[PDB]
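Here you get one chain, nothing else, as structure tokens; it is the form described as "open state" in its entry title.
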């Protein structure tokens, strides 16, 4: 499974490669300490929430264990039609989903356009394009605290009013009879969308993981009653884990230029928005003076190109060296292309190992893994659109869980921020 060298490599470049690979090496002895720290942090977060479920106090637990206020999960037997709003950065979409009683979802369109007074006409605009004249979901990936499932406040980016009723009154100002009923997170929607579209002869899903341009997790905590939680599903803020991470110096520099400094140190090692910069810096270090002038720019390499480099099988890597030219205007030789492959294979492997040791921790906090069986729905831009990264995540997950790997199933879910919010708004209302 490891890259093999046949071309004669210089001594200096080989020494540099060997020195910079052992800075990204994750042995099966550190992964156990990682799993233990993760489980302990989960438990401490639960207790600290029970002590004061309103404010999040750092230095008590890195995970701000949020709670979706949902009542119960779906089973794949409902029916209707429901609409959902996604709102991230500059331009995002609107979803319409039809639900039959057989565990299947039908979706129509994801319209993008470049301000609460615009979205009501947007919903009427997509609705007239179906003209079958209720309740609408909402994702709203922004800094918000949700005391209840219907409302959530805004504390960052009228910038401070209720972001729920703000959207609600735009339907009243217009003709549209549709009300907001849920403000879900990106991962709980993933959990629900995976639970719906499973089937009937599959174990229940208990963990929803997002690995993409951001990393997060939600899971079903059976002891939710012993603490003060109202929903059966708990949203871990997984990206903020900082107990003991194997940080190389490149991770110490790339964090200083972050504009989010000293925050979210676990997300900056495994997420797809940061792997391109890691491999760029490592390549600059290993090709000291031979590096081009473009290899010193900031955003000169993103993870979509690492995906191209990893999934390469040509006799001569004419695709792996065509992605070099258009990014770094440089004609790579054989030793340099070998170095590039050996660096990407290390960075992505570390990401996959650390993201596989965070699923075993969740599956170990739930003490079901000993006897019963259950499933996990993994979604994201790193899991999809990458083949070398799936069979590696599931290889590490098959070694962390030594004798129990067969009890935990992986089911790739799709489109959490969409179908998820629609299914949540359908469940919270049809079963209201």
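So that the term is clear: the rigid core is the largest set of C-alpha atoms that superpose within 1.5 Å between two forms. Positions refer to the first chain, counted from 1.
Below: the form described as "closed state" in its entry title, not depicted.
Of the residues 283, 310, 120, 250, just one CA atom moves 2 angstroms or more between the shown form and the other one under rigid-core superposition; it belongs to 120. With the core superposed, residue 226 shows a C-alpha displacement below 2 Å between the shown form and the other one. Once both forms are fitted on their rigid core, the CA atom of residue 204 lies less than 2 Å apart between the shown form and the other one.
After superposition on the rigid core, the Cα of residue 263 moves by less than 2 Å between the shown form and the other one. Inter-residue distance, residue 143 to residue 218 (Cα): reduced by at least 3 Å in the other entry versus the depicted form.
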